[PDB]
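Let me begin by presenting the structure, written as structure tokens, before commenting on it.
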Amino acid sequence: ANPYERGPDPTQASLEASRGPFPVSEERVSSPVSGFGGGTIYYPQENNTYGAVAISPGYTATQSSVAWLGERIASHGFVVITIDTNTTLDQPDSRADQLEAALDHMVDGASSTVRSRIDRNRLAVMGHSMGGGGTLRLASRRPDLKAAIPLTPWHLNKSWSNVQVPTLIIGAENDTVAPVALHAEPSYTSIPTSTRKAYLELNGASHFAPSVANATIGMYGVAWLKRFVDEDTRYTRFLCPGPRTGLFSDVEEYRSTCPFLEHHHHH
Ligand SMILES: [Mg+2]
Ligand SMILES: [Mg+2]
Ligand SMILES: [Mg+2]
């Protein structure tokens, strides 16, 4: 059976809840750290190896705008760094470099407590807005990553025809900053159909929906990471065919390259 599985069997209820099943502790990153502005590493207290996730905030924002996400995701069994960027005005491709440097810091710069809890073969990135653009760029050039989740992404580039990393893009229907028509949707469509991918558009939502605790983002974010960072097929049933859409849905639409096919071993 899958040795990367962690935590009890998921339900809709457990994934929509404020916290996952794992108590978490934090490590503040040193002042001058190489390649990014600083951050907070959230890690399960329970001594095991977990996947690791770097999360970038957006233009004019700090780690505080994605702090909820780092704690919520860590509590489902992941090591998560929420970064500050060099400056709050850094553009998406700079945020891509800073996400990569944060991954390097978790495996090669953090305490033994942190390094010992990471399976460094199993890594993911996430980001809000320009951080979401950074997620796409880094994914484009690191096909070794297990997952990428751009949240209401902004990037001047719409063409991601090289991305092989399983990618879940969350768009916000009423986004006026990074309209899904100009960013999320063309970016999604350009990703090769051979890539495991999905696009979840939040009904009614604005650009800033990922900057505060959201049950839909939390549920689908966690389930994506479980499915791909942990290869956890207990989570496939939430992703494929995916959430109910329409008028009383929190989801306006959902696209995917479902089904998501598994590999396996015999004991
Ligand atoms: Mg086994
Ligand atoms: Mg709608
Ligand atoms: Mg749409």
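Convention: chains lettered A, B, ... in structure tokens order; per-chain residue numbering from 1; ligands numbered from 1 as shown.
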**Request:** Write out as a PyMOL selection string each polymer residue whose atoms come within 12 Å of residue A:156, counting only C-alpha atoms; drop sequence neighbours fewer than 2 positions from it.
**Result:** chain A and resi 91-93+129-130+132-134+136-137+153-154+158-160+178-179+182-184+186-187
**Request:** Would you kindly return, as JSON, numbers by chain, each protein, DNA or RNA residue with an atom no farther than 9 Å from any atom of residue A:34, considering only C-alpha atoms and excluding same-chain residues fewer than 3 positions away?
**Result:** {"A": [37, 38, 101, 102, 105]}
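Environment of ligand 1, defined as every protein or nucleic acid residue with an atom within 9 Å of it and counting only C-alpha atoms and all ligand atoms, comprises residues 1, 2, 3, 264, 265, 266 and 267 of chain A.
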**Request:** Pick out the closest residue to ligand 3 from this set: A:231, A:262, A:16, A:173. Count only C-alpha atoms and all ligand atoms.
**Result:** A:173
**Request:** Give as a list in words the residues surrounding ligand 2 up to a distance of 8 Å, considering only C-alpha atoms and all ligand atoms.
**Result:**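 Residues lying within 8 Å of ligand 2: residues 173, 202, 203, 204, 246, 247, 251 and 252 of chain A.
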For N, CA, C and O atoms, I'd like the residues from the last selection saved as a PDB file, in the first residue's frame.
```pdb
ATOM      1  N   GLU A 173     -14.315  33.993 -10.215  1.00  0.00           N
ATOM      2  CA  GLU A 173     -15.243  34.460 -11.291  1.00  0.00           C
ATOM      3  C   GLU A 173     -15.237  35.990 -11.429  1.00  0.00           C
ATOM      4  O   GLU A 173     -15.158  36.468 -12.563  1.00  0.00           O
ATOM      5  N   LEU A 202     -14.088  29.956  -8.595  1.00  0.00           N
ATOM      6  CA  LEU A 202     -14.902  30.194  -7.381  1.00  0.00           C
ATOM      7  C   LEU A 202     -16.050  31.108  -7.785  1.00  0.00           C
ATOM      8  O   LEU A 202     -15.790  32.175  -8.321  1.00  0.00           O
ATOM      9  N   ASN A 203     -17.279  30.640  -7.594  1.00  0.00           N
ATOM     10  CA  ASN A 203     -18.514  31.429  -7.844  1.00  0.00           C
ATOM     11  C   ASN A 203     -18.416  32.736  -7.057  1.00  0.00           C
ATOM     12  O   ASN A 203     -18.091  32.690  -5.876  1.00  0.00           O
ATOM     13  N   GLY A 204     -18.723  33.866  -7.681  1.00  0.00           N
ATOM     14  CA  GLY A 204     -18.937  35.139  -6.950  1.00  0.00           C
ATOM     15  C   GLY A 204     -17.641  35.778  -6.441  1.00  0.00           C
ATOM     16  O   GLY A 204     -17.704  36.923  -5.897  1.00  0.00           O
ATOM     17  N   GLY A 246     -22.485  25.365 -10.754  1.00  0.00           N
ATOM     18  CA  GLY A 246     -23.766  26.057 -11.012  1.00  0.00           C
ATOM     19  C   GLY A 246     -24.142  27.067  -9.934  1.00  0.00           C
ATOM     20  O   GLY A 246     -23.232  27.741  -9.378  1.00  0.00           O
ATOM     21  N   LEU A 247     -25.444  27.177  -9.649  1.00  0.00           N
ATOM     22  CA  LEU A 247     -26.074  28.421  -9.119  1.00  0.00           C
ATOM     23  C   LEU A 247     -26.009  28.454  -7.590  1.00  0.00           C
ATOM     24  O   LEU A 247     -25.865  29.578  -7.041  1.00  0.00           O
ATOM     25  N   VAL A 251     -18.663  26.695  -6.545  1.00  0.00           N
ATOM     26  CA  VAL A 251     -17.822  26.498  -7.759  1.00  0.00           C
ATOM     27  C   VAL A 251     -18.648  26.898  -8.987  1.00  0.00           C
ATOM     28  O   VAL A 251     -19.682  26.298  -9.232  1.00  0.00           O
ATOM     29  N   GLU A 252     -18.195  27.902  -9.726  1.00  0.00           N
ATOM     30  CA  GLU A 252     -18.816  28.364 -10.997  1.00  0.00           C
ATOM     31  C   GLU A 252     -18.547  27.353 -12.117  1.00  0.00           C
ATOM     32  O   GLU A 252     -19.486  27.026 -12.866  1.00  0.00           O
TER      33      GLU A 252
END
```
**Request:** Give me the residues within 12 Å of residue A:48 as a PyMOL selection string, counting only C-alpha atoms and dropping any in the same chain fewer than 5 places off.
**Result:** chain A and resi 3-7+22+43+77-79+113-119
**Request:** Write out as a PyMOL selection string all residues of stretch 11-231 of chain A that DSSP puts in alpha helix (DSSP H) for this structure's backbone.
**Result:** chain A and resi 12-16+67-74+92-108+112-115+130-141+184-190+215-229
**Message:** Here is a test: counting only C-alpha atoms, which residue of A:206, A:233, A:167, A:174 is nearest to residue A:257?
**Reply:**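 Looking at the shortest contact to residue A:257, the residue is A:167.
Of the residues listed (A:177, A:96, A:67, A:169), A:96 shows the shortest atom-to-atom separation from residue A:141; distances use only C-alpha atoms.
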**Item:** Pick from A:144, A:71, A:201, A:97 nearest to residue A:249, counting only C-alpha atoms
**Value:**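 Among the listed residues, the smallest separation from residue A:249 belongs to A:201.
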**Message:** Env of residue A:84: 8 Å cut, atoms = only C-alpha atoms, seq-sep filter 3 positions within chain, self excluded. Answer as number ranges by chain.
**Reply:** A: 36-39, 56-57, 62-63, 87-88
**Message:** Under the rule that only C-alpha atoms and all ligand atoms are counted, which of A:171, A:28, A:260, A:193 is the nearest residue to ligand 3?
**Reply:**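 Under the stated criterion, the closest residue is A:171.
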